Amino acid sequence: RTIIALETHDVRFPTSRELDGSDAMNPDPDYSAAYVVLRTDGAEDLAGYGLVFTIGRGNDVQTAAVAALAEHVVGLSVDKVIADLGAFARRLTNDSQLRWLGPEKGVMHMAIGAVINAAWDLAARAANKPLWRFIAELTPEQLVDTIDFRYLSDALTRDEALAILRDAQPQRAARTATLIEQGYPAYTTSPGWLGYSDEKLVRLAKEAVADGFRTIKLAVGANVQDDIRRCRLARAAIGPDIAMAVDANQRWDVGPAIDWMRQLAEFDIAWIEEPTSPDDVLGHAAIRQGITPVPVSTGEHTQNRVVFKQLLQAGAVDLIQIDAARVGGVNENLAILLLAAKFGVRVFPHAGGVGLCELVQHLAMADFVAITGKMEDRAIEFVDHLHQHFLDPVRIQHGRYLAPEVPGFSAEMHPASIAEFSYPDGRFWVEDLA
C-alpha cells in the first residue's frame, strides 16, 4: 500500500461562546484543530489521523503549514513508513529549508509533529493496537531508533536511553495488566476557566470532586484579588484533602510571580503552572527558588526536547507537562519522557485543548509501561469538552483514565463534526458569520 494523499481541514469550535478554556492570557479561545489525514490505497481502516491544537485565529495558517508537507509524504510506501518511524520523522525534521522556519519550534514544527503523529497512528492501526501498547511493546532498540539524539549527548545518550528501557522490560507485562485493571490518575481543569462566574467555579469544583477527581486546577494571573477570592472559594468547596493547582498561563515576570504566589500559598497549592514565559528556563528556576516548596511546572508550550533538557538541567521545575501536538510528534515526546525519567522529574500531561485528552493519554500510558512504572504519583490532565467529536473519546471512571482499546492514536474525528465546524464554510460558521 502507498500513502496517496495528505488531507487537511481547518476545524474550529466556538468554545468562546461560554468561555470554555478561558484563562488570563487567552481570554476567549475557540478550541481548534488543524486536522490531518494520511490516506492510503488500502482498507478504509488503514489511514493515519492527527491534529495540531490551536485556539482560533491562525488555525488556517497552521493548516496550510501541514498541507505544505504533502510532497514529502505522498507516494511513500506504507510498509516503509511504519517500519522506520525514526527515518520518517527525520525526513521532515532534517529538511534544512523547513528547519529555517523554526528550527523545531512554532507553526512549522507543530505541522511536522502532526504528520509524524498521524504516521504513528497509521503504524498502531496496522499493528491492530491502541498507540500506548504499540509504543510500549516495541523493543528498546526499536524505540531508541525513533529518537533524535542530537543536542542531547550531554544529558541522554542512546546507550543511556537503552539502559532505562531495558531496565523496564521485565515488568512491562505486569504493568500493562495493572493499567488495564486500574486506569491512570487524572485531574480536571474544566471547573477553573477564568471567564466563569464564582458561582459556576464552585458548582463545577464540587461536581469535579463528586466525579472522583482528586485534583483540580484553576486559571489565575489577571488580578491577584480575583485569584485570592477564587482560590479561597474553590478550596472551601472541595475541602482540605483535594489537590488544587493553579495556572498563570505565562502572565508574570520573575519578581511579580514570586510575590503573587506568596499571596496564594495559604490555600495549599498543588503546583503553579507556567508562571512565566515558556522560553524562560532561568526565569522558572528563579521563581522556583523563590517560592519553594510550592511546586512549579511548565511544558505545554515547551517547543522541543532541547528546552526540556535545560529545564531539567537548570532545576527550573518540580514537574513538567508534555503535550502531544506542541513538539515533533511521538518521537520527540519519547525523548522528553526519557529525559524526565533519567532526571527523576514527574510528568503531568497537558490536555487542555480539543482532542488533546484523546492523544496524550497514550503517551502517559506508554511511559508507565515501558519507561517509569510510575503513575500514582502523577496525573493526566482532563477537560470536559468536545469529546463527542472523536470516534474514540476518552473514558474517565472515578477520576481515572481508562486505557484505550481500539487501534490507533484516538485522533480520528467524526466526518459530521468536520462538516459542521470546518472554518469558514462549515455549517456552524456560515450561520454564525451571517
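Residue numbers here begin at 1 and follow the sequence given.
**Student:** Going by the B-factors listed in the PDB entry, is the mean over the C-alpha atoms higher for 219-227 or for 242-250?
**Tutor:** According to the PDB entry, the answer is 219-227.
**Student:** Identify the stretch, either 420-428 or 10-18, whose C-alpha atoms have the larger mean B-factor according to the entry.
**Tutor:** Looking at the record's C-alpha B-factors, the answer is 420-428.
**Student:** Given 263, 176, 276, 361, identify the residue with the highest C-alpha B factor in the PDB entry.
**Tutor:** If I rank 263, 176, 276, 361 by C-alpha B-factor, first place goes to 263.
**Student:** Which has the highest CA B-factor per the PDB entry: 28, 367, 41, 381?
**Tutor:** It is 41.
**Student:** Using the B-factors in the PDB entry, rank residue 58's C-alpha atom against the chain and give the third, lowest, middle or highest.
**Tutor:** As the PDB entry reports it, the C-alpha B-factor of residue 58 lands in the middle third of its chain.
**Student:** Within this chain, which third does the Cα B-factor at residue 267 fall in: lowest, middle or highest?
**Tutor:** CA B-factor rank for residue 267: highest third.
**Student:** Considering only modelled residues of the same chain, in which third does the CA B-factor of residue 344 rank: lowest, middle or highest?
**Tutor:** For residue 344, whose C-alpha B-factor we compare with every modelled residue in the chain, the answer is the middle third.
**Student:** Looking at the entry's B-factor column for C-alpha atoms only, identify whether residue 191 ranks in the lowest, middle or highest third of its chain.
**Tutor:** Ranked within chain, residue 191 CA B lands in the middle tercile.
**Student:** Which third, lowest, middle or highest, does the CA B-factor of residue 292 fall in along this chain?
**Tutor:** It belongs to the middle third of the chain when residues are ordered by C-alpha B-factor.
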